[PDB]
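Below, each chain spelled out in residue letters.
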Amino acid sequence: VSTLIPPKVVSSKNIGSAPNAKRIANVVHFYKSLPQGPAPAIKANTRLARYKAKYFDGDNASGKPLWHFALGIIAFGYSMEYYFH
Amino acid sequence: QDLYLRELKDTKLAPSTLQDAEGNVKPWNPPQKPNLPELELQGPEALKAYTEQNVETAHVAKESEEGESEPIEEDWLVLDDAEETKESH
């Protein structure tokens, strides 16, 4: 008998629907992320950070410092051999 | 032709006291004036409807109205039910 009006009721609609939560989630997820690996600070030196940079990053990751640390125990007690026996 | 003449004179004159002079009728035993111009004159309004169809009823239409000037307490309901449709949409 009259004009019905659901073309323009998106005003208080855009809270209730389910991907609104994902939309408001990832507009918050996307702003403070650094763009392209920026602010990396790829070099730092504290007399042993170079040891981590050469040995303990994701790139090198080989067991050799263990080997070095193995030799460290080989370096340790054998000298104590020369202190004891 | 006096055959034709006397035939047409009796043909004219024998109902001429039923048409020209209104001395109603001699051979017909019921009277003639209360048959057609008195009884049957209201015949078509005895054969059709009286005092509505023949008087024809120049009648005023029923003035149909709008939604009685109430937006609020039903436009808010239309708005919330439209929210519910767009939920279902």
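Entry numbering is not used for residues: they are numbered from 1 along each chain in the order the sequence is written, which may differ from it, and residues without coordinates are omitted. Chain letters and ligand numbers both follow the written order, the letters beginning at A and the numbers at 1. Taken together, the chains in view make up part of a larger assembly, and the values describe this part alone. Hydrogens and water molecules were not included; the side-chain quantities draw on all heavy atoms of the structure. Residues with missing side-chain atoms are left out of burial classes, side-chain pairs and their counts.

In terms of determination method and resolution, the entry is listed under cryo-EM at 3.8 Å.

The name the PDB entry assigns to chain B is ATP synthase subunit H, mitochondrial, from the organism Saccharomyces cerevisiae. What UniProt records for chain B under Sequence similarities is the sentence "Belongs to the ATPase h subunit family." UniProt positions are given in the numbering used here, feature names are shortened, and annotations may be inferred rather than shown by experiment.

Looking up chain A in the PDB entry gives the name ATP synthase subunit f, mitochondrial, with the organism given as Saccharomyces cerevisiae. The record held by UniProt for chain A lists under Sequence similarities the comment "Belongs to the ATPase F chain family."

Asker: Explain the overall build of chain A to me, using residue names and the numbers behind them.
Answerer: On a plain count of helices and strands, chain A comes out with three helices and zero strands. Our radius of gyration is a C-alpha quantity, and the globule rule it is checked against amounts to 2.2 Å times the number of residues to the power 0.38. What you see for chain A is a C-alpha radius of gyration of 30 Å, clearly larger than the 12 Å of a compact globule of 85 residues, by over 25%. Principal axes of the C-alpha set define a box for chain A whose edges measure 110 × 25 × 20 Å. To qualify as a helix, a DSSP run of H or I must reach at least 4 residues; to qualify as a strand, a run of E must reach at least 2; elements of each kind are numbered from the N terminus.

Asker: Now, about the overall build of chain B: what can you tell me, with residues and values included?
Answerer: Looking only at helices and strands, chain B features four helices and zero strands. In chain B, the succession of α and β elements from N to C terminus is α-α-α-α. What you see for chain B is a C-alpha radius of gyration of 36 Å, clearly larger than the 12 Å of a compact globule of 89 residues, by over 25%. Over its C-alpha atoms, taken along the principal directions, chain B stretches across nearly 105 × 30 × 20 Å. Whether a residue is buried, partly exposed or exposed follows from its accessible area with a 1.4 Å probe, protein chains only, as a fraction of its type maximum: under 20%, in between, or over 50%, in that order. In chain B, which comprises 89 residues, the proportion classed as buried is 8%. Both charge centroids of chain B, one from 8 positive and one from 23 negative side chains, sit 30 Å from each other. A positive count includes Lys and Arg, and a negative count includes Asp and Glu. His and the chain ends are not counted in either. For this purpose, a charge sits on NZ of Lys, CZ of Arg, CG of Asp or CD of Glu.

Asker: Go over the interface of chain B and chain A with me, naming the residues and quoting the values.
Answerer: The partner chain A presents seven residues to the six residues of chain B that form the contact. Buried area is calculated as the accessible area (1.4 Å probe) missing from two parts once they are joined, with the contributions of both summed. Taken together, the two surfaces of chain B and chain A that pack against each other cover about 580 Å², and 71% of this comes from carbon and sulfur. Among the residues of chain B in contact with chain A, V78, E83 and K86 of chain B are the three that bury the most area, contributing 71% of the side total. Salt bridges, as used here, are contacts in which a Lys or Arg side-chain nitrogen is within 4 Å of a carboxyl oxygen on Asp or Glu. Inspection of the region where chain B meets chain A yields zero salt bridges. Whenever two N or O atoms come within 3.5 Å, that pair is a polar contact, provided that in protein one can donate a hydrogen and the other can accept it, and provided that, for residues adjacent in sequence, both atoms are side-chain atoms. The interface formed by chain B and chain A includes two residue pairs in polar contact. Here, two residues are considered to be in contact whenever any of their heavy atoms come within 4.5 Å of each other.

Asker: Break down a nonpolar patch on the surface for me, with residues and values.
Answerer: The residues that make up patches have over 30% relative accessible area and no salt bridge, and they are joined within 9 Å when like-charged or within 5 Å when they are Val, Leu, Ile, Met, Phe, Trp or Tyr. Only the protein chains shown count as cover for residues, with accessible areas throughout obtained via the Shrake-Rupley method and a probe of 1.4 Å. Nonpolar side chains collect at one region of the surface, where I24, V27, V28 and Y31 of chain A lie side by side and expose about 440 Å² of accessible area between them. Looking at the secondary structure, you find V27 of chain A in helix α1 (residues 19-29).

Asker: Residues and numbers for helix α3 (residues 64-84) of chain A, please.
Answerer: Here, expected helix span is obtained from the residue count minus one, scaled by 1.5 Å. With 21 residues, α3 of chain A should reach 30 Å at 1.5 Å per residue; the first-to-last C-alpha distance of 30 Å fits that figure. Of all 21 residues that make up α3 of chain A, one are buried, and the element is exposed over most of its length.

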